[PDB]
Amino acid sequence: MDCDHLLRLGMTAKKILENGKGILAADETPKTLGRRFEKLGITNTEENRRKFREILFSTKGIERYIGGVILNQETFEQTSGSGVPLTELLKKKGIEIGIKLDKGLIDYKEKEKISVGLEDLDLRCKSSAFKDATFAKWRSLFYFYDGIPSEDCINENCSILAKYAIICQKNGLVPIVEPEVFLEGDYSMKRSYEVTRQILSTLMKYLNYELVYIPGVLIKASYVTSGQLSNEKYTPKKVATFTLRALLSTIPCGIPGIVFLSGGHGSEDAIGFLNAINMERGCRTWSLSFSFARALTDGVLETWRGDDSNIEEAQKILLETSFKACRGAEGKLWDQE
């Protein structure tokens, strides 16, 4: 944790987001990907999970738009149909390799969650399995109900995120901290805005109390919207205004980038919100980019459907959707390249 060591972390964080690039999140656990597969009639075999990731990672030209990919631990042990380790597909493309390091969530208080896995995190970061990884991801999730998120749950999750971040950095990995505001709930956009300001300001408190190197941390955040069960409407401009206000109010100049999660919003909406936030005026130092799983890969799944004959078209949709995300990351989606 010397000066050159700290500069390498900042260089990695910037490389992931250079030139309007963003992150393809491919880190779904077998259970989470399985559910997605089963809706579309695809069998949850290890082989189909391996093939799905091969389809994503082998897409030609994807590195123009994708600066990093977040892998699931299992995918590090996997090869392509042709024999090449899946990580080698990304390395050869110059794409940064990430590892999701949380062990999921457990119950906290009444109706809330904390994320787990810190006890062996340092040991796991040193696994030879992840030797090629240069960044990591850890997700917490904030449920919304009456009087919730509670302050205890904000503090505990921010504490856990910050502890994970410092361990990552000590092992030479850039941490993505993901304080996700869960979309499935009944809350107004005002309430999301206000609580996002609490969560993000508290996260910055704990990162600072843990003396995390702030230029080597990426924040993966939810857009500010009302909850899916609210009857409240919003437009991309309003999402952009509220989200950017919350970020300008909470995120220090030293943070290199914010990457938005799609969170259950549509692919089109998530990309449209990104474009709108990048068209907003308001001085800032950090990039506003993407870390999408669903918004980038739902179309791939829906086109592929487990049939090899559909793969070329599935890869085409990945590339085209990645292009749009990247254009959104620079506020240029309305403009012809």
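Quick note: we count residues from 1 along the sequence shown, nothing fancier.
Look at the C-alpha B-factors of 79-87 and of 107-115. On average they run higher in 79-87. Comparing 53-61 with 302-310, the stretch with the higher mean C-alpha B-factor in the PDB entry is 302-310. Which of 120, 194, 180, 132 has the largest Cα B-factor in the deposited entry comes down to 132.
When the Cα B-factors of 249, 159, 208, 231 are read from the PDB record, 231 comes out highest. The deposited CA B-factor of residue 186 belongs to the highest third of values across its chain. When all modelled residues of the chain are sorted by CA temperature factor, residue 216 is found within the lowest third. The PDB entry assigns residue 150 a C-alpha temperature factor belonging to the middle third of its chain's modelled residues.
Split the chain's modelled residues into thirds by C-alpha temperature factor. Residue 172 is in the middle one. Residue 317 sits in the highest third of its chain by CA B factor, as recorded in the PDB entry.
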